[PDB]
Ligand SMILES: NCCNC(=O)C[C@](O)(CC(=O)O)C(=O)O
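Below you'll find only one chain, the form solved without the ligand, shown as structure tokens.
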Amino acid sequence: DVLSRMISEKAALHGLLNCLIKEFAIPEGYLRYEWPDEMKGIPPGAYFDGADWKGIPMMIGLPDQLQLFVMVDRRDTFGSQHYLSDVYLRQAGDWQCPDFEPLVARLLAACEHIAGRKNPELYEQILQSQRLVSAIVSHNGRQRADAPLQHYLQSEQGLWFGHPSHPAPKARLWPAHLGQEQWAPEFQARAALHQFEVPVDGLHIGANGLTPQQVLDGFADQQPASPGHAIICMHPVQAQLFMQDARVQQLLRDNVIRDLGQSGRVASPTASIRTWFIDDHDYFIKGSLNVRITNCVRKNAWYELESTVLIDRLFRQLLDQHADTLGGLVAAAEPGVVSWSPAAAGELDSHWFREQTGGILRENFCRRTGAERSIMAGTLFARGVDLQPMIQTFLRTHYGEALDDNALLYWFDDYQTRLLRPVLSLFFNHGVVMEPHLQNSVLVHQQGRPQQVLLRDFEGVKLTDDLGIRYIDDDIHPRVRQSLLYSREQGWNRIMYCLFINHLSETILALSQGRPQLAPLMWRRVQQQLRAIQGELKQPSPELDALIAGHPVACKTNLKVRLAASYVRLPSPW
């Protein structure tokens, strides 16, 4: 219990450190890889192991004269490195190692002095998130540390720390009465989904390769529905918020709709919380949840429910008709969408009801791939309850021995090509902007060897205004079209961050933990892969040229955006 608290604080601190390094120190030039002139306050065991220095010193000198010291295993331009000591703070006095909360307080105040703007809400989110990770580790600390990597659902239920470059990755504002553990994947939550009986004249159903009834069937068994009615499902927390609304109370009172309780399919929430998994079912069920997670209430709007159908259609056409220009793309289909609103509702009431009741079927790819062969990428490259990258033991078990350098380099090569070739082919050949971050990527493997990196989530897919746009029919509603369109520039900036900083930085760090020498080798292979992709490309790709040539890389901010700034630039690995 003390151990779990100490594990959770170390993880939280490393999360915040990552943010400070990427979003401020590196781009503003506050970082130096040097020893302080005076070390008074730092014990020798912090930076010295009896033989040599514990890696490399890192100095961060902030404009309010707070200095931070930590030992790191490498110099990395993207600010990806393992922290080899406790963090030491010195103000304009001696070095101290404060407790978790006093340190977070001091560090945040420094960032606020840079940004100009203070944020007291964020400080409590950071503390709450750490407290939640503590209970997570305490709950899960009995099992093998690499158990999240053995089963697909376990990988969705095994992202103990969340986004590893985020100030408060487990911040969640649940409705007042609930508590954090109840609907948390990290506590292996299961629940029967909530159901409503609703009249079919209020239904809006998008279907690709399915009939509207097959889509309904996918969300809920329709047997309880009376004639003229269908059954729809909802997150049980969402259902309770839904029913707090007087419009819903009225409909219930007039028997227009019917509350069927938690009588839906028993499902398990995935890492994204509002998407549910069922083992022997053909679909994931993604519903609306009006809960603020990582400081954001993400709703699926009506126009987002509309563009899902269009994007699913697009991907099916591209997979069928344009395979030679998709770089081996493998993506999960989203062939069904449902929402409900009263037939005679006005526009604004109709938009509200459809946002509340919105539901999306995603292809359950496990049925094809096997649960023991599919791992969500974020968990794959995450740390276990012992704070070690889980992938190291996962790989050793599969290969039959402790992987040497050569085997890790080979594995990285097979992984990265299967991520980069599909994503960059979609973007440059077709103007399709994927969101290939760790949560939206799934490794399919054979005895540990990468086979596919399956891509997920049409919700964030965009189409470029100079190319991807042509897949939108002139007949589509303007708000849906606006919802889809990015500029080429917007697309590439997002791709830059997602592919290299969000995704492959974490992959390389996780693989190279005790072997920092491997990082530049792995990045050098990325550079060469990008060259090979560029020759493979059909349409022109000057952005790819610039990347290859060493142009600085766009980095999305997670802390700096909260003190506002949404992007910074990080120097290239080559």
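So that the term is clear: the rigid core is the largest set of C-alpha atoms that superpose within 1.5 Å between two forms. Throughout, we count residues from 1 along the sequence that is shown.
The next section is about a form of this same protein that is not shown, the form solved in complex with the ligand.
- For the ligand, fitted onto this chain by superposing the C-alphas round its site in the deposited complex, the count of atoms within 2.4 Å of backbone or C-beta atoms is zero, giving an open pocket.
- Listed stretches are 253-261, 466-474, 431-439, 338-346; the contact stretch with the ligand in the deposited complex is 431-439, by a heavy atom cutoff of 4.5 Å.
- In the deposited complex, the ligand lies within 4.5 Å of some heavy atom of residue 497.
- When contacts are judged by a 4.5 Å heavy atom cut-off, residue 558 counts as touching the ligand in the deposited complex.
- Contact check for residue 296: a non-hydrogen atom falls within 4.5 Å of the ligand in the deposited complex.
- Proximity of residue 460 to the ligand in the deposited complex: non-hydrogen atoms within 4.5 Å are present.
- When the ligand is considered in the deposited complex, only one residue from 364, 157, 502, 80 comes within 4.5 Å through any heavy atom, namely 502.
- Of the residues given (354, 194, 383, 163), 163 alone sits with a heavy atom within 4.5 Å of the ligand in the deposited complex.
- Of the residues checked (268, 119, 154, 325), the rigid-core alignment between the shown form and the other one shows a Cα shift of at least 2 Å for 119 alone.
- Comparing the forms between the shown form and the other one, the C-alpha position of residue 252 differs by less than 2 angstroms, with the core used for superposition.
- A displacement of 2 angstroms or greater separates the C-alpha positions of residue 294 between the shown form and the other one, with the rigid core held in common.
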